[PDB]
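Letter by letter, the chains look like this.
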Amino acid sequence: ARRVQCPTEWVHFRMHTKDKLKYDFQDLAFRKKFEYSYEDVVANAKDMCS
Amino acid sequence: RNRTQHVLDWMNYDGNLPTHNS
Amino acid sequence: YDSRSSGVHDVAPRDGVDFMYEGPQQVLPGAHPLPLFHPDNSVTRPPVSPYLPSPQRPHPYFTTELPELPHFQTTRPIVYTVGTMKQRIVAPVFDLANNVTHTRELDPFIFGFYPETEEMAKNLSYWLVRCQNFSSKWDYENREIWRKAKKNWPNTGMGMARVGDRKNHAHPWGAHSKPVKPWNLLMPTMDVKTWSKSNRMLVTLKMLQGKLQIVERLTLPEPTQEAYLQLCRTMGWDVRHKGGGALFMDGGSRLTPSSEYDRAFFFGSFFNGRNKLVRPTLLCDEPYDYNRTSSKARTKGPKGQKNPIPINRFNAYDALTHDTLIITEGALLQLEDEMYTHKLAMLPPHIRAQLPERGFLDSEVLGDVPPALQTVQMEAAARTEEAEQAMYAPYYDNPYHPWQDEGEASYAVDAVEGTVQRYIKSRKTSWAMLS
Amino acid sequence: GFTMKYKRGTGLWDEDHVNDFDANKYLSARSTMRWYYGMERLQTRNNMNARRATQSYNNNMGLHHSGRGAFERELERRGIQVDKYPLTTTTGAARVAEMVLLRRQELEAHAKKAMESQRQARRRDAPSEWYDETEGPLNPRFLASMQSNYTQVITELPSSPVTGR
Amino acid sequence: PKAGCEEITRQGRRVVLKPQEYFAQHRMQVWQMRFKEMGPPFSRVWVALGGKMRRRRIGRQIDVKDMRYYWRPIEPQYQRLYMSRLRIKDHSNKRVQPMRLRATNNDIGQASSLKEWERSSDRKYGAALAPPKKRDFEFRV
Amino acid sequence: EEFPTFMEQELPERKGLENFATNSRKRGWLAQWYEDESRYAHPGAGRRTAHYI
Amino acid sequence: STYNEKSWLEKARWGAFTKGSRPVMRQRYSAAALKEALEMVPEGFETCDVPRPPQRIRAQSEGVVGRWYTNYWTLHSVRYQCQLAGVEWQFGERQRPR
Amino acid sequence: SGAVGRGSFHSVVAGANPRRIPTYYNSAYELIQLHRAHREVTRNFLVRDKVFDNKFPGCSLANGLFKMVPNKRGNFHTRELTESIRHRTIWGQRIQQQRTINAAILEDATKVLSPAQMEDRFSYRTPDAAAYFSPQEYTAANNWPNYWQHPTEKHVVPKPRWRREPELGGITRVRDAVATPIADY
Amino acid sequence: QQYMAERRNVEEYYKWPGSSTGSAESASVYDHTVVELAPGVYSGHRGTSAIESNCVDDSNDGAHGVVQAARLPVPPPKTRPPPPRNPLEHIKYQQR
Amino acid sequence: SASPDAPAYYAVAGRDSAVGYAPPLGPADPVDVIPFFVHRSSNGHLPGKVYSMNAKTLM
Ligand SMILES: NC(=O)c1ccc[n+]([C@@H]2O[C@H](COP(=O)([O-])OP(=O)(O)OC[C@H]3O[C@@H](n4cnc5c(N)ncnc54)[C@H](O)[C@@H]3O)[C@@H](O)[C@H]2O)c1
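Regarding how it was determined, this PDB entry cites cryo-EM in its header, along with a resolution of 3.6 Å.

1. Details of the overall build of chain I
For chain I, the helix and strand inventory stands at four helices and zero strands. Shown N-terminal to C-terminal, the secondary structure of chain I runs as helices and strands in the order α-α-α-α. Relative to its length of 96 residues, chain I is extended, with a C-alpha radius of gyration of 22 Å against a globular reference of 12 Å. Reported as C-alpha extents along the three principal axes, the dimensions of chain I are approximately 65 × 45 × 20 Å. The buried share of chain I, reckoned over its 96 residues, is 32%.

2. Quick look at the state of the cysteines
Residue and element names in this part refer to chain C. What the rule picks out here adds up to zero disulfides over all chains. Distance from the sulfur of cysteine 284, which forms no disulfide, to the nearest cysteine sulfur (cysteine 131) is 13 Å. Assessed through its relative accessible area of 14%, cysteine 284 is described here as buried.

3. A short note on the interface of chain J and chain C
Between chain J and chain C, the residue contacts involve nine residues of the former and ten residues of the latter. For the chain J and chain C pair, buried surface summed over both sides reaches about 610 Å², with 62% attributable to carbon and sulfur atoms. At the junction of chain J and chain C, the tally comes to zero salt bridges. Between the two partners, chain J and chain C, sit four residue pairs in polar contact.

4. Considering the arrangement of the chains
Of all 27 pairs of chains in contact, the one with the most contacts involves chains C and D. Spatially, chain B is disjoint from chain D: no contact exists, and the shortest C-alpha separation is 17 Å. The smallest C-alpha distance separating chain D from chain F is 15 Å, and no contact links them.

5. Notes on the packing of aromatic side chains
Evaluated as defined, the whole model comprises 55 aromatic pairs over all chains. Arranged with centres 4.7 Å apart and planes meeting at 75°, the rings of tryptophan 138 of chain C and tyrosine 140 of chain C form a pair that is edge-to-face. Looking at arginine 94 of chain H, its charged tip hangs above the ring of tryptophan 91 of chain H, at a distance of 4.7 Å from the centre. The positively charged end of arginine 15 of chain J is found above the aromatic ring belonging to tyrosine 124 of chain H, 5.4 Å away from the centroid.

6. As for a nonpolar patch on the surface
Taken together, the side chains of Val10, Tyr13 and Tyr14 of chain I make up a nonpolar region of the molecular surface, amounting to roughly 300 Å² of accessible area. Assignment of secondary structure puts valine 10 of chain I in helix α2 (residues 10–13).

7. Details of the site of the ligand
Surveying the vicinity of the ligand reveals 18 residues, the closest of which are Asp397 and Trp431 of chain C, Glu2 of chain F together with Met25 and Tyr80 of chain G. Near the ligand, the surrounding residues belong to chains C, D, F and G. Between the ligand and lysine 84 of chain D there is a distance of 3.0 Å, counted from a nitrogen atom to a side-chain nitrogen or oxygen. Interatomic distance of 2.7 Å between a backbone N/O atom of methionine 25 of chain G and an oxygen atom of the ligand. Per-class residue counts for the shell around the ligand are ten nonpolar, three polar and five charged.

8. Quick notes on the packing of helix α7 (residues 329–345) of chain C against helix α1 (residues 28–48) of chain H
Axis separation between α7 of chain C and α1 of chain H bottoms out at 10 Å; the angle between their running directions is 155°. The pairing of α7 of chain C with α1 of chain H is recorded here as roughly antiparallel in orientation. The handedness of the crossing between α7 of chain C and α1 of chain H comes out as left-handed. Contacts between α7 of chain C and α1 of chain H involve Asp337, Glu338, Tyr340, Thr341, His342, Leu344 and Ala345 of chain C on the former and, on the latter, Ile32, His35, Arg36 and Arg39 of chain H.

9. Some points on a positive patch on the surface
A grouping of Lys133, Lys134 and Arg135 of chain E together with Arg96 and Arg98 of chain G is seen on the molecular surface, where their side chains present a positively charged patch. In this structure, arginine 96 of chain G sits in the segment after α2 (72–85). With relative accessibility at 35%, the residue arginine 96 of chain G sits in the partly exposed group.

10. Focus on the sheet that holds strand β6 (residues 246–249) of chain C
Residue and element names in this part refer to chain C. Pairing is mixed across the open sheet formed by six strands, whose spatial order is β1-β3-β2-β5-β8-β6. In the strand order of this sheet, the two ends are held by β1 (71–72) and β6, each with one partner. The pairing of β6 with strand β8 (residues 324–328) spans four bridges and is parallel. Note on β8: the bridge partner recorded for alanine 246 is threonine 324.

Here is what the cut-offs are and how they apply
- Residues numbered from 1 in each chain as written, not as in the entry; some residues may be left out.
- Chains lettered and ligands numbered in written order.
- Part of a larger assembly, values for the part shown.
- Heavy atoms only, no water.
- Helix = DSSP H or I, 4+ residues; strand = E, 2+ residues; numbered from the N terminus.
- Rg over C-alpha atoms; globule rule 2.2 N^0.38 Å.
- Buried < 20%, exposed > 50% of the residue type's maximum accessible area, 1.4 Å probe, protein only.
- Disulfide = S-S within 2.5 Å.
- Contact = heavy atoms within 4.5 Å.
- Buried area = accessible area lost by both parts, 1.4 Å probe.
- Salt bridge = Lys/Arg side-chain N within 4 Å of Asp/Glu carboxyl O.
- Polar contact = N/O pair within 3.5 Å; in protein donor to acceptor, adjacent residues only side chain to side chain.
- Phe/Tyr/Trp six-rings, centres within 6.5 Å; stacked < 30°, edge-to-face > 60°.
- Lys NZ or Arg CZ within 6 Å of the ring centre and 35° of its normal.
- Patch = residues over 30% accessible without salt bridge, like charges linked within 9 Å, V, L, I, M, F, W, Y side chains within 5 Å.
- Areas by Shrake-Rupley, 256 points an atom, 1.4 Å probe, with all protein chains shown as cover.
- Near = heavy atom within 4 Å.
- Nonpolar A, V, L, I, M, F, W, Y, C, P; charged D, E, K, R; others polar.
- Axes fitted to C-alpha atoms, helices over the stretch in contact; angles between N-to-C directions.
- Parallel < 35°, antiparallel > 145°, perpendicular 65-115°, else oblique.
- Left-handed = near helix turned anticlockwise from the far one by under 90°.
- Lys, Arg positive; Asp, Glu negative; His and termini not counted.
- Charge placed at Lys NZ, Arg CZ, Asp CG, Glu CD.
- Pairing = 2+ DSSP bridges.

Set out below in structure tokens:
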């Protein structure tokens, strides 16, 4: 049930690219992690005045 | 074995970015 | 050759232009005893120079200070290295309103470096190669063809061709064996040692050719393009495609030098004509090729340096296609500043030791001289440092008083394992490194 | 692999240390607007890409989007400065370069007026002895640009080399 | 449409950058032990040792059991054969000298004297030919 | 300029100490220490254990 | 395993793994930001006990956190900024046993 | 570490260095590599503070942030910048130290025989320096690159009897009668 | 957050000793940068060495002519002009 | 040679050279003007360099 519900040859886009980091890979649950939008990456990096 | 020659001179150099007077 | 001995010409003058040759006194259009492939007089591509470049005059500029104009000595003191012209130069700088304000003396190392064709060729041959669209030079390879890999008829007894697996380069559906791929094309490594020379022997050539023009400020009243053609109309530049263009090295005003172009002019310098706003510099960083042998086996790339000179530096191609060169003093300040330490390192030693006597090595870091003029982008960084030197007060890694105990520090080797542990007042301080 | 990533932003402009083999000899009007807009894009396309990664990975580790754990939150609540070297923030640089421009501009007008002190201390209503051309003919274009600094006409050159008057 | 009009629409394998070899490959070790190349510039003998110096000694001539002891040059007909695999490093460049048999001390660093290696503290200034590294007394695998 | 403080330096290899570091013929920098502090055995060592720490 | 957390290229590059010539603590704390870290080093503690993890263990200091003084890399990195800061390291030094 | 005259700690052996204050040195090459090094630390701060000025409205949405990820800039400041300050400081001492000696030399020397010959005893005025500094003064050699224009060799280039032509448009036009070129054999 | 991002803003608008701001301490060394407003003119252009000119009178200690431009007043931010008053020019200026 | 004077011997750095370096002695004789000038290298020595034909073959 935690697995992703498709033969992972279809979702190989996630496993070889740099989506190896941007994805939960616990027991083959190729589900996206949290990811800020671009309205927030600058909302969080300007409020710091970085 | 202490450093007899030039014992000072570590604390007397590179006035960093000389100020308004110089 | 010499074939087609007839029919190539009409025996009739075109009733318009065509014309007999009157006599020896007849001054024929275009005629000249030198083999010139760009026959330009001083009315088509007129030089912006005080005098026309003559063999007598070592350079078509004010060799001396003319009395009726403020003279501005160089930003840096001047020395005459190996190749320089050994002749003083004074180029009058132009007001934006086409008036000629104060005259300014140029640096005889950047603008005095006499030309020699075979050392700007190393610049041109670099550009005519760096400016290919390498990635376009792909081509199919033998393996990349997708045909049967098996001889359908084994050649045994009849008169069929000795061919099978016909995906080679002979057949109209094939590809090469050693094809041209981008990762097999060399982008040439270009040193700063010769890019600088290959830029200075041109920006002198553009001075000896008398096509050099200095402007106080390359700024427009408004960023609209129309204001940049109106500016060109008063200054007389010909940014038309056919009339020889202009090469702006925008460095800003004389007192506000800046590398990042005047935002006003940058947006206004987008005319379809022949003009190219280049960066105010002649150096570029050392080349490097991280994929030197084969490290990255997936790069598309060319071979050679992975740090090509960008398209908008001052190169040889766009220096000879554009007749006139337009430098603001804000660039001259940057060129003399960035090449000063280079100009000095090249003098012979029996000269290099005479500099601090003659006032060339006044080093504003020691305070023997108030700081010289800096680019706004760099003074804004200089001021940053002067404000920060107080965050390094209490610590020991203070980069302005490096190792301030090395006086009272006493070292003592330890015979149990090989180390030399420094002590300061009997107290051990040597940081035993972590692996 | 290793591709000198410590050089991406450490150049003096935006078009430097970015390997772009796809160039051309003459980049046209909109191919140049396309180029300049391109360098900055893959300079800000790269950055906010690399910011969304660090801010999201930090947020998934339970700590502040800039890595600030429970400690460096507790210290700031106490006022104890938690970073050893507070590099100057955006407010700094955009100000440390705001006056420098406010200084040059007040020096231009300080110097625009200055040169007139010396320009009007140039009595020469006739050209100096640079107006010679025994070496080689003068340049008619330039004289028209130097006519302003005189009263007598300058551009009118005879068919002969200038005598001097 | 042009190269094959159907071989280039349906797609096969695409080739990529081909990895290079160990670019000191041809100083193989059956010379790094047998010979040694001596000599001033523009004359490099690959001096070798005697031929018969280990196999059969009893009864051979008294004054020829020692011609096996001198560093004789190998005749140039073989100098050029073995030193041919070393020239190939950059051919058609009439002013680069051949690779040397042994690694001269200045070229080993020449690899790490490149503007790209200046940031590798390890492996710089000689770390391989350095003495074996020393680690924390607790170092353990 | 990358080592802000003195990070202790290990003595060279034993082979180096034999030939240069401790050999007064080169005035090696340990030719003072070697004779002063190292070449003397422990104040308890006999004849067999002259080399043990 | 249909999914490998890391390709063998980075199972075999110990340089990204080991603590060798590589700093393993990113944040550099100020003066008072250290005197307030050592406040939680408990009485009875001694650096002579927290050992070096073997090679097969990654070199990662997650920073000054609860019980940071047991993270051998957080300890000997804080112990090093207390030098550059001048804070007095009370606790003992690595006792190399013989 | 050495890098200055203090002697590296490898004066563990108490190697003294007597017969000192012995040399006046103008620190010529060192002041050169100082101005080179001072340019780097400023050319580094310029980078550590690069902040988005997106002159285009396509990707304007970052026009407030720095041009370097906060973790990297927080590194590059400490890896390359603060290194380059130490490397700048080092030359700022190898010179401020050598001056201290020169300040002592130029006093004990000024006295003995002359305050006029003094800055000649400590000079480096090679007889040819007029070649490099004020080349208008230099005659004893012909060091122009365009040698055929040196005043002692100006008599090579021909002085054409030129003229203007208002009928052609003010074009200058030489009045030399071209010599009939060679034609056949 | 509007505090931390403010308590730290004020420390960079003024709390420089001097860096393009820093009204507290003194002139930064780059204020005295040798700028040549004209041949023989350096900081005042009104007399000769205007800083050193008032150093002749009793104003040596109380007159400063260098533009220690931290002290300078910053112009108000320039904003987009008002839209045009004629629809022909009102929408064409929205075609620039 | 290098002017170590009597006041406890302060010398002057570039004044003596056992290797053979020294500033150019100057012109041959004042009346003549030499028509070529051979500069010195950045490190002092003179412009002569002896390359080889075809180093690749060690000719
Ligand atoms: N071969 C090497 O290991 C090597 C090479 C270059 C520099 N260094 C120096 O090593 C030092 C760190 O000590 P180490 O080599 O035992 O490894 P290390 O970096 O693990 O040292 C412990 C920690 O000290 C901190 N630190 C380092 N420099 C600091 C500074 N200037 N201010 C504040 N905190 C600092 C870092 O958090 C570092 O992780 C660095 O300062 C670095 O410049 C070492």
